[PDB]
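Remarks on the structure that follows.
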Amino acid sequence: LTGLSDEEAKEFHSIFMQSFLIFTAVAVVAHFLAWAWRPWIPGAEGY
Amino acid sequence: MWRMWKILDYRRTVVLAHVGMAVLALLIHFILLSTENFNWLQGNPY
Amino acid sequence: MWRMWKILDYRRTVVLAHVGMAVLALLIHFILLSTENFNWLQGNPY
Amino acid sequence: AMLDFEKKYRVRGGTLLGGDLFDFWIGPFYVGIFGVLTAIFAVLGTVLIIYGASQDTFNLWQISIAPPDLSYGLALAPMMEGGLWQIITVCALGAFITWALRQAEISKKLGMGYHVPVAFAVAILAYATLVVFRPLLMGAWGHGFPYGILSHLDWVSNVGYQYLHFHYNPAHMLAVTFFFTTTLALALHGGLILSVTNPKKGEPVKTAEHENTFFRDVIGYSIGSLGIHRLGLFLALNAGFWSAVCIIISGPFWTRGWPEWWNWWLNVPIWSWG
Amino acid sequence: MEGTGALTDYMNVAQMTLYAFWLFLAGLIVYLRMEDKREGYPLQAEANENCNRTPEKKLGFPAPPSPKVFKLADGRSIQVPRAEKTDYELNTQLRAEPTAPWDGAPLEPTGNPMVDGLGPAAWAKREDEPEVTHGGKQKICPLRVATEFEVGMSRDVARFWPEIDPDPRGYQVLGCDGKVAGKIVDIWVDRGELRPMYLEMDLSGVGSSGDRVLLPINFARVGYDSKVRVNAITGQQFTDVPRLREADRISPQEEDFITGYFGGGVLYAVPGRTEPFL
Amino acid sequence: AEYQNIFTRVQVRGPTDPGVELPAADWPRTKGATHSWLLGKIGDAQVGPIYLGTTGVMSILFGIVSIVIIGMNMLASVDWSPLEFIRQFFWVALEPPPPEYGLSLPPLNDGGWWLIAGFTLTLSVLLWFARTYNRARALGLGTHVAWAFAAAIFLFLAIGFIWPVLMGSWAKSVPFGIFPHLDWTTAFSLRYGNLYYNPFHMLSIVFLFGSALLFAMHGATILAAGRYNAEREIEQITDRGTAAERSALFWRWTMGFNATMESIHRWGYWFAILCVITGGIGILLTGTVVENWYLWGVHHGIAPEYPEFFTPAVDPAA
Amino acid sequence: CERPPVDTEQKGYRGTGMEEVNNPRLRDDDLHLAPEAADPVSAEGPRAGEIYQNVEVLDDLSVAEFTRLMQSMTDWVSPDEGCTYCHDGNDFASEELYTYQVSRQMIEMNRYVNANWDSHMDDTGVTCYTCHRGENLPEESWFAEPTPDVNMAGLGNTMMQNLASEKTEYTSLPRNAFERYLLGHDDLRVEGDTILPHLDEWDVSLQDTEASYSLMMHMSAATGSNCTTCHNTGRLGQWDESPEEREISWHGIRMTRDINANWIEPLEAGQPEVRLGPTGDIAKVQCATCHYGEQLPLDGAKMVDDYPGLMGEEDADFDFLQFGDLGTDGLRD
Amino acid sequence: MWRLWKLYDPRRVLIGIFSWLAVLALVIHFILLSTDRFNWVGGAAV
Ligand code: BCL
Ligand SMILES: CC[C@H]1c2cc3[nH]c4c(c3C)C(=O)[C@H](C(=O)OC)c4c3nc(cc4[nH]c(cc(n2)[C@@H]1C)c(C(C)=O)c4C)[C@@H](C)[C@@H]3CCC(=O)OC/C=C(/C)CCC[C@H](C)CCC[C@H](C)CCCC(C)C
Ligand SMILES: CC[C@H]1c2cc3[nH]c4c(c3C)C(=O)[C@H](C(=O)OC)c4c3nc(cc4[nH]c(cc(n2)[C@@H]1C)c(C(C)=O)c4C)[C@@H](C)[C@@H]3CCC(=O)OC/C=C(/C)CCC[C@H](C)CCC[C@H](C)CCCC(C)C
Ligand SMILES: COC(C)(C)C/C=C/C(C)=C/C=C/C(C)=C/C=C/C(C)=C/C=C\C=C(C)\C=C\C=C(C)\C=C\C=C(C)\C=C\CC(C)(C)OC
Ligand code: HEC
Ligand SMILES: [Fe+3]
Ligand SMILES: [Mg+2]
């Protein structure tokens with residue numbers, strides 16, 4: 007067991023999930039821009 | 001089957017699972033890339 | 001976030017960032033130099 | 002003359018043969034019976050080599066005592082057609098074997114283990130592979146290497162190219178790895194001892210705790226003062242042993258190009274991918 | 001011979017670079033040889049070795065360098081070669097007689113060579129103060145005083161497969177002739193190298209159960225049958241193994257005394273060991 | 002029947018060792034250290050902790066980028082097939098630029114990735130030299146290990162960087178692969194006429210063979226004198242015990258001369274670095290001041306002359 | 026792994042290490058058995074040039090000798106098909122099948138090398154069976170290495186190397202050695218002729234050295250030889266230190282280059298797509314195409330003296346030095 | 001999942017997470033460079 011208490015662990019988790027959410031939100035926009043540039047899922051006939 | 005963690009160390013199992021699944025996930029994605037029909041970046045006809 | 005420095009050591013984090021960005025800055029400049037369209041010293045047509 | 006602490010060690014006994022008859026020192030050298038034998042073999046071989054030099058050339062690099070032709074098979078050749086090489090070969094084997102037996106007597110007289118004679122026997126085994134075991138398996142003494150500073154380099158070159166790429170020899174790859182690893186281990190061990198006992202000027206001589214700390218700081222593991230000498234002997238002896246293996250399988254156990262030996266790897270059903 | 005690298009009609013850069021290394025290598029061999037002569041030099045040339053019949057000091061080629069000074073951590077400076085180690089070697093009177101008067105003849109011990117210190121039984125002159133670690137603890141110490149050490153690197157191996165992770169405490173000690181000398185009662189460990197250095201044993205088989213004696217770990221064959229076999233010495237000869245000045249400490253001088261005694265058994269343990277095969 | 006000092010029989014485990022305390026400017030060591038029974042059979046059983054400093058971490062970052070670049074180019078060369086990557090593992094490589102680019106920066110897929118991988122790998126070994134240098138200084142040791150490593154780097158830089166720059170093309174440098182870099186080693190000897198005739202290649206072999214010879218001798222000597230606690234070499238250097246005396250006397254009685262406990266490590270130290278120093282010098286000499294090492298050997302009278310055994314071939318284009 | 030006994034033959038002076046080591050258990054003993062020659066056919070009557078309609082190459086043969094050659098050619102390149110491999114039905118004089126047009130070129134090539142390439146094959150010559158060995162296609166041909174377009178900003182460019190290939194004898198050496206030296210005429214020499222460097226006169230790269238090394242690997246395994254049989258590897262570029270097999274194999278390189286450039290490649294347009302290689306080329310001749318791992322093809326069985334009609338006339342413009350070595354007169358476009 | 005930070009040192013997890021992200025992002029960008037369609041520095045047409 008690490009030194010962090012339940013309050014400390016809960017506060018870290020809340021900030022971690024928010025920080026992870028913002029990181030994923032930026033990447034989602036980056037993928038929307040990438041898709042608008044060149045999509046990466048080909049159809050049955052390819053590209 | 002929660003008794004598994006009285007035998008296997010949960011802290012080490014979780015770390016090994018992530019590393020192991022990292023290798024496997026890269027391995028499978030790489031296998032698909034090598035194929036003609038499932039290289040999504042190449043986009044060959046199906 | 002100011003609380004990041006109670007988890008990560010600020011003294012070590014600054015060093016890691018500087019040496020880390022040094023590797024990345026060198027890599028990207030070298031990659032651009034190793035391309036035709038962005039080698040500013042070679043000056044190829046764009 | 003003797004080292005100032007040598008007197009109490011020059012005692013009688015520990016010989017394998019000869020006993021009191023040859024148990025004495027000439028200067029710093031211990032003689033023993035095998036010392037007389039190794040001196041006789043050494044002088045005889047060297048004088049025969051010098052005679053072979055007289056019949057061809059006295060250039061130090063161009064002196065060459067070549068083995069007989071393969072047409073002679075395992076028979077003893079005439080003296081100037083490889084027979085001199087055969088006589089020197091048995092003299093050299095006698096000199097090397099008596100040298101290790103002499104070290105065994107010196108080891109016993111000093112209460113030491115027989116690690117040095119056994120480690121040297123690995124070198125003798127490698128030499129015997131080159132001039133006895135491999136020539137025997139191939140059926141002719143002419144497969145041995147000539148006794149010359151530069152001529153035996155041409156032998157190594159041509160024998161290595163008999164298999165079109167000797168770098169692909171699996172045993173040669175392992176033996177080279179041990180050779181490279183042991184000099185890396187030697188540089189590390191030699192440097193570490195010198196670094197501790199010759200630290201930055203002014204600082205005191207460091208301890209064994211500094212040795213373990215240094216290598217655990219650099220690479221995360223330290224093998225210890227006893228482990229490194231076991232490792233050094235292990236790497237050096239495997240370098241000697243796998244050298245003998247790589248040459249013994251070249252021709253008796255593999256007649257094709259060494260890269261072709263790796264075709265088994267290319268045809269493993271797990272990763273054929275075709 | 002023309003082209004880049006040419007220096008004269010015959011000399012070229014690769015040839016002169018090679019001779020530059022020959023000069024460097026010769027100088028290095030001289031330096032390395034001088035480093036080889038910081039222990040044991042100058043050589044003692046005894047009277048029978050010279051026509052002048054007087055002891056002489058021989059330097060050799062290259063001659064020994066200037067003495068080297070080692071700074072020690074405790075606060076001392078030791079000059080190598082050490083004065084007292086040389087002074088002891090050239091002042092002691094060996095209990096051995098050369099078999100023949102000429103130089104190079106081996107010495108024949110008069111008394112018991114194992115206890116007198118001849119040949120394989122010889123010991124060096126070393127400091128009588130037990131060594132200490134960098135922290136300051138006693139360096140070599142038995143497990144009773146060093147309670148932080150447990151026998152066996154792995155608990156699981158020592159528990160379920162104890163043959164390959166043995167605990168030799170309580171085993172029996174057997175001499176080179178099978179004599180049961182005693183029983184191991186403790187293990188001495190080196191705090192600097194974390195290794196068992198000695199096996200303390202009572203002499204119950206050949207003496208008292210309260211007499212303690214040290215058996216070096218490198219002279220002991222720890223078998224799989226709860227036995228420790230000492231091929232170095234006879235079981236009865238354990239009674240003459242040098243004793244510790246302090247029951248819980250061992251000095252570098254004492255270490256040489258003990259390892260010297262067991263090493264004396266390589267030639268002197270039983271009759272015939274000093275004789276040849278044929 | 003005697004203990005051969007090959008494997009440690011009885012082991013003792015104390016608390017894990019944090020190590021000698023560093024000055025209050027170095028990074029804390031890692032907190033992960035364990036004991037391995039298997040490694041205790043050979044030597045010290047403790048694994049870890051490891052020091053991660055500024056230079057250590059930066060060297061890893063440059064080294065990872067080098068390995069990623071090499072690995073990705075290898076994987077791309079087999080069409081991203083992990084199965085073909087295992088099958089072709091010894092054969093794949095990151096190829097240097099072709100000769101047409103000289104010393105200029107080539108395109109990424111035409112030697113550019115090789116140059117970037119070579120640059121970052123050079124930076125990582127240079128930073129690792131500084132890491133080894135600083136660890137020795139932090140503990141108050143000499144920098145012999147760092148300078149032995151620097152000698153190794155010299156051959157690494159001579160082979161891969163210095164000699165290709167002297168030749169004026171990155172193409173002469175060595176590919177990042179197992180069998181391909183053996184092909185480079187052989188093609189180097191073929192191109193410049195039997196590198197066996199390079200005197201510095203001969204000398205480098207002398208010290209390579211002499212290093213294995215010396216460590217075989219010294220390793221066996223210390224193990225043979227292990228009865229008298231010879232492996233404790235620091236104590237035997239500052240306070241000569243009987244193990245140092247017997248070890249010195251063993252070789253004196255054998256071959257007339259001997260070293261000390263300290264001096265044998267100087268011999269081993271210099272043999273190891275001379276192997277790599279002379280090797281680097283010999284590589285610099287070839288192509289730059291010697292074209293054909295055999296013809297150079299003939300010029301200096303070292304090439305042996307063989308009597309007739311066959312009918313010599315005559316060049317039809319001569 | 027192999028095992029003794031092994032057959033050893035000395036190729037250089039004693040102690041040079043120049044020997045050939047062979048395993049007798051590896052030899053097929055049937056691939057190298059020359060067919061029994063047909064009985065001596067009488068040469069009389071009119072020539073096959075006038076009696077038969079579409080005969081261009083075998084004009085000077087008689088009718089009986091012409092039939093004997095056809096039966097032998099059938100059993101050499103297509104014994105399991107018969108006459109219908111090159112001739113359609115009851116129209117033997119019809120040149121329609123692609124195998125007919127190829128075989129007409131093959132006869133001319135067979136006659137050409139038998140007459141002009143004695144500098145390599147001496148008096149043995151070749152025959153349809155020498156390459157085909159009773160099969161429709163020789164089992165030891167080669168296709169040109171594919172030249173995939175590169176990204177120049179991507180990853181994984183194998184510059185014809187770094188892949189285990191049967192062409193390179195399972196090395197990572199360049200895989201395009203055949204195109205460079207057995208179809209092209211790139212210089213094989215790698216060593217300078219001087220003690221000291223002349224970088225502006227001789228700066229052969231290590232990629233070309235490996236390409237030469239790659240071809241030499243093939244020349245060794247294709248003929249059952251090794252580096253020693255043609256070289257003293259200690260002094261590699263010295264011809265006087267090399268056995269005569271190097272001089273003979275010198276002409277073998279130029280003969281193989283002559284066959285591919287002048288006789289095989291002109292057959293690419295008429296070849297079917299099933300016969301073509303990955304790049305779209307016709308299978309080309311290599312050293313193993315005639316040798317099949319033996320220094321003497323078909324154990325050196327001289328079986329071209331029993332077959333007149335496979336021997337042409339000595340071309341008066343043949344030089345063997347006009348195939349890329351000081352001249353390109355003997356090579357096409 | 002908040003109990004995860006009591007089990008593992010949050011500093012060590014972040015270093016492990018950040019190191020994986022840096023390595024993975026470097027690999028994914030390199031994969032795109034190898035393709036013709038997604039090589040942005042190559043300027044390849046679709
Ligand atoms: C047909 C082949 C040729 C030949 C061609 C060459 C060529 C070319 C060279 C040698 C070299 C050497 N040859 Mg040679 N050599 C031949 C035959 C031999 C024979 C023999 C018995 O036949 C022997 C014993 C040798 C032995 C030797 C050595 C003396 C020398 C290599 C020293 C060394 O340790 O480098 C190994 C050590 C290093 C290269 C330094 C390593 C240090 C660096 C910093 C390591 C970094 C590790 C890195 C961080 C790891 C991660 C990287 C990523 C994972 C990628 N050669 C024949 C004649 N040889 C080398 C030399 O020095 O020439 C004089 C050399 O360049
Ligand atoms: C197996 C691990 C390595 C090793 C180990 C090793 N070598 C050893 C030992 C050990 C443990 C010794 O104890 C022993 C020793 O005493 O060293 C100082 C020795 C030794 N290793 C030596 C050399 C040596 N070791 C080599 C290699 C190696 N030695 C391995 C790499 C090589 C190489 C690779 O070439 C050489 C040259 C000696 C210095 C010494 C043993 C000397 C000896 O036995 O001398 C006897 C007396 C003589 C004068 C010999 C005369 C022999 C003949 C009568 C004449 C010459 C014949 C010979 C075939 C000529 C060849 C010439 C051409 C090849 C140029
Ligand atoms: C005297 C010359 C000989 C010599 C000497 C020598 N080598 C040396 C040294 C010395 C004195 C060192 O001090 C140094 C060393 O560290 O030794 C232990 C080293 C060294 N010699 C090495 C190799 C080496 N030496 C060789 C040769 C030789 N070394 C010569 C024979 C060779 C050969 C024969 O080719 C090799 C391959 C290294 C092991 C080491 C130098 C280490 C170095 O440079 O490190 C940085 C380089 C990198 C590529 C970085 C790698 C980073 C990792 C891939 C990170 C892994 C990921 C992650 C961080 C791990 C954790 C995973 C998580 C999931 C938890
Ligand atoms: C896909 O793979 C993943 C990502 C999963 C991980 C796998 C990685 C793998 C499998 C990596 C495998 C690596 C291997 C097998 C590597 C083999 C390496 C070998 C054997 C190398 C041997 C020799 C190489 C040498 C000696 C190279 C020397 C190169 C040098 C010294 C280059 C120097 C370049 C410099 C200094 C560049 C300077 C750039 C400047 C700016 C000067 O140019 C203008
Ligand atoms: C080696 C130098 C050859 C000699 C001599 C002869 N042939 Fe050949 N032939 C050779 C090759 C390399 C090939 C191509 C193989 C491939 O895979 O494409 C051929 C091809 C033919 C063919 C066409 C076979 C087919 O495509 O079905 C025929 C009909 C043929 N060869 C006949 C032939 C005859 C009759 C020969 C003797 C006169 C002859 N060939 C000699 C190589 C060589
Ligand atoms: Fe040591
Ligand atoms: Mg290559």
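Chains as they are written, first to last, in the entry's author numbering: chain V, 7 to 53; chain W, 1 to 46; chain S, 1 to 46; chain L, 2 to 275; chain H, 1 to 278; chain M, 2 to 319; chain C, 26 to 358; chain U, 1 to 46.
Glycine included, every Cβ here is placed at the ideal spot set by N, Cα and C.
Not a single unbroken stretch of the beta strand (DSSP E) spanning 3 or more residues falls wholly within the segment 13-96 of chain L. Between residue 246 (chain C) and residue 194 (chain C) the beta-carbon gap is near 5 Å, inside 8 Å, which marks them as a contact. Interface residue (Cβ-Cβ distance to chain S less than 8 Å): residue 37 (chain U) is not classified as such. Scanning chain H for C-beta atoms nearer than 8 Å to the C-beta of residue 118 (chain L) yields nothing, as the closest lies near 15 Å away.
Here the C-alpha atom of residue 351 (chain C) lies approximately 53 Å from the C-alpha atom of residue 46 (chain L).
Residue 33 (chain H) is not a Cβ neighbour of residue 67 (chain H), given a cutoff of 8 Å. Distances from the CB of residue 67 (chain M) to the heavy atoms of ligand 3 include at least one below 7 Å. Within the segment 2-37 of chain W, complete alpha helix (DSSP H) segments of at least 4 residues are found at 10-34, given in chain order. Rounded to the nearest angstrom, the gap between the Cα atoms of residue 117 (chain M) and residue 27 (chain S) is 7 Å. For the segment 78-160 of chain H, the full-length alpha helix (DSSP H) segments reaching 4 residues or more read 83-89, 113-116, 155-160 along the chain.
One thing to note: residue 146 (chain M) has its Cβ within 8 Å of the Cβ of residue 196 (chain L).
Using a cutoff of 7 Å, the CB of residue 47 (chain L) counts as near ligand 2, since one of the ligand's heavy atoms is closer than that. Annotation: residue 137 (chain M) to residue 11 (chain M) spans about 31 Å, alpha carbon to alpha carbon. The DSSP-derived three-state label of residue 117 (chain L) is helix. Taking 8 Å as the Cβ-Cβ cut-off, the segment 11-44 of chain V has no residue approaching chain W.
Excluding the 5 residues flanking it on each side, residue 312 (chain C) has same chain C-beta neighbours closer than 7 Å at 243, 244, 247, 248, 277, 281, in chain order.
If you ignore the 5 residues before and after residue 39 (chain H), its C-beta comes within less than 8 Å of the C-beta of 80, 81, all in its own chain and listed in chain order. Residue ranges of uninterrupted alpha helix (DSSP H) with 4 or more members, entirely inside the segment 45-82 of chain M and ordered along the chain, are 55-78. When L:28, L:2, L:59, L:124 are compared, the shortest CA-CA separation from residue 240 (chain L) is found for L:124. Not a single CB atom of chain M sits nearer than 8 Å to the CB of residue 38 (chain W).
Just so you know, the alpha carbons of residue 190 (chain L) and residue 58 (chain H) end up roughly 32 Å apart. Judged by pairs of C-beta atoms under 8 Å, the segment 27-47 of chain M touches the segment 216-230 of chain L, as three or more such pairs exist. The Cβ of residue 4 (chain H) sits closer than 8 Å to at least one Cβ of chain C.
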